[PDB]
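Here is final.cif, consisting of mmCIF, N, CA and C atoms and all ligand atoms:
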```cif
data_coords
loop_
_atom_site.group_PDB
_atom_site.id
_atom_site.type_symbol
_atom_site.label_atom_id
_atom_site.label_comp_id
_atom_site.auth_asym_id
_atom_site.auth_seq_id
_atom_site.Cartn_x
_atom_site.Cartn_y
_atom_site.Cartn_z
ATOM 1 N N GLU T 1 -30.118 42.390 48.338
ATOM 2 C CA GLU T 1 -31.359 42.018 48.993
ATOM 3 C C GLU T 1 -32.452 42.994 48.626
ATOM 4 N N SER T 2 -33.649 42.486 48.323
ATOM 5 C CA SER T 2 -34.764 43.351 48.062
ATOM 6 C C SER T 2 -35.277 44.062 49.301
ATOM 7 N N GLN T 3 -35.899 45.215 49.072
ATOM 8 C CA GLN T 3 -36.557 45.932 50.156
ATOM 9 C C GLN T 3 -37.659 45.079 50.772
ATOM 10 N N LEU T 4 -38.382 44.386 49.882
ATOM 11 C CA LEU T 4 -39.426 43.485 50.363
ATOM 12 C C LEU T 4 -38.870 42.479 51.344
ATOM 13 N N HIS T 5 -37.761 41.831 50.995
ATOM 14 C CA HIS T 5 -37.160 40.818 51.862
ATOM 15 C C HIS T 5 -36.607 41.384 53.181
ATOM 16 N N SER T 6 -35.971 42.565 53.003
ATOM 17 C CA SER T 6 -35.483 43.268 54.188
ATOM 18 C C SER T 6 -36.633 43.573 55.165
ATOM 19 N N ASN T 7 -37.777 43.995 54.656
ATOM 20 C CA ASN T 7 -38.947 44.243 55.546
ATOM 21 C C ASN T 7 -39.436 42.945 56.164
ATOM 22 N N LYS T 8 -39.388 41.817 55.445
ATOM 23 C CA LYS T 8 -39.851 40.569 56.013
ATOM 24 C C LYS T 8 -38.922 40.042 57.095
ATOM 25 N N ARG T 9 -37.611 40.209 56.898
ATOM 26 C CA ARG T 9 -36.528 39.637 57.698
ATOM 27 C C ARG T 9 -36.446 40.282 59.078
ATOM 28 N N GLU J 1 -32.773 27.151 58.967
ATOM 29 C CA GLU J 1 -33.748 27.595 57.989
ATOM 30 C C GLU J 1 -35.101 26.919 58.152
ATOM 31 N N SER J 2 -36.207 27.659 58.166
ATOM 32 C CA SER J 2 -37.542 27.040 58.232
ATOM 33 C C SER J 2 -37.841 26.241 56.946
ATOM 34 N N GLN J 3 -38.752 25.281 57.114
ATOM 35 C CA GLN J 3 -39.126 24.491 55.945
ATOM 36 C C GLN J 3 -39.780 25.379 54.905
ATOM 37 N N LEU J 4 -40.600 26.311 55.380
ATOM 38 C CA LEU J 4 -41.238 27.220 54.432
ATOM 39 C C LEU J 4 -40.210 28.000 53.672
ATOM 40 N N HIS J 5 -39.190 28.528 54.350
ATOM 41 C CA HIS J 5 -38.153 29.346 53.699
ATOM 42 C C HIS J 5 -37.322 28.515 52.720
ATOM 43 N N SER J 6 -37.001 27.288 53.099
ATOM 44 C CA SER J 6 -36.284 26.369 52.214
ATOM 45 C C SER J 6 -37.058 26.194 50.917
ATOM 46 N N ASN J 7 -38.362 25.955 51.058
ATOM 47 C CA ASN J 7 -39.245 25.767 49.899
ATOM 48 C C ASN J 7 -39.364 27.018 49.072
ATOM 49 N N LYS J 8 -39.442 28.211 49.644
ATOM 50 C CA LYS J 8 -39.495 29.434 48.833
ATOM 51 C C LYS J 8 -38.207 29.674 48.079
ATOM 52 N N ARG J 9 -37.086 29.390 48.697
ATOM 53 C CA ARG J 9 -35.756 29.577 48.107
ATOM 54 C C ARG J 9 -35.586 28.645 46.923
HETATM 55 CL CL CL X 1 -42.764 35.378 51.831
#
```
Please go through the file and, once you have read it, give me the structure as structure tokens.
Ligand SMILES: [Cl-]
Amino acid sequence: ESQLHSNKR
Amino acid sequence: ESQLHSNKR
């Protein structure tokens, strides 16, 4: 998982 | 799953 996605989630 | 998320995926 990307950091970007982790921040969105 | 949201429709938006389905569409991004
Ligand atoms: Cl997004």
Show me which residues line ligand CL 1 (chain X), defined as having an atom within 8 Å of a ligand atom where all atoms listed in the file count, and present them as a PDB file with N, CA and C atoms, keeping the file's coordinate frame.
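What follows is the written file selection-v7.pdb:
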```pdb
ATOM      1  N   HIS T   5     -37.761  41.831  50.995  1.00  0.00           N
ATOM      2  CA  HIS T   5     -37.160  40.818  51.862  1.00  0.00           C
ATOM      3  C   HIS T   5     -36.607  41.384  53.181  1.00  0.00           C
ATOM      4  N   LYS T   8     -39.388  41.817  55.445  1.00  0.00           N
ATOM      5  CA  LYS T   8     -39.851  40.569  56.013  1.00  0.00           C
ATOM      6  C   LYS T   8     -38.922  40.042  57.095  1.00  0.00           C
TER       7      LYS T   8
ATOM      8  N   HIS J   5     -39.190  28.528  54.350  1.00  0.00           N
ATOM      9  CA  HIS J   5     -38.153  29.346  53.699  1.00  0.00           C
ATOM     10  C   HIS J   5     -37.322  28.515  52.720  1.00  0.00           C
ATOM     11  N   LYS J   8     -39.442  28.211  49.644  1.00  0.00           N
ATOM     12  CA  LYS J   8     -39.495  29.434  48.833  1.00  0.00           C
ATOM     13  C   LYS J   8     -38.207  29.674  48.079  1.00  0.00           C
TER      14      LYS J   8
END
```
Centre and edge lengths of an axis-aligned box around all listed atoms of chain J, with 5 Å added on each side, are to be given in Å to one decimal, as lines of an AutoDock Vina configuration file.
```
center_x = -37.0
center_y = 27.1
center_z = 52.9
size_x = 18.5
size_y = 15.2
size_z = 22.0
```
Could you tell me, as a list in words, which residues of chain J DSSP assigns to helix (DSSP H, G or I) when given the backbone?
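Put together, the selection reads residues 3, 4, 5, 6, 7 and 8 of chain J.
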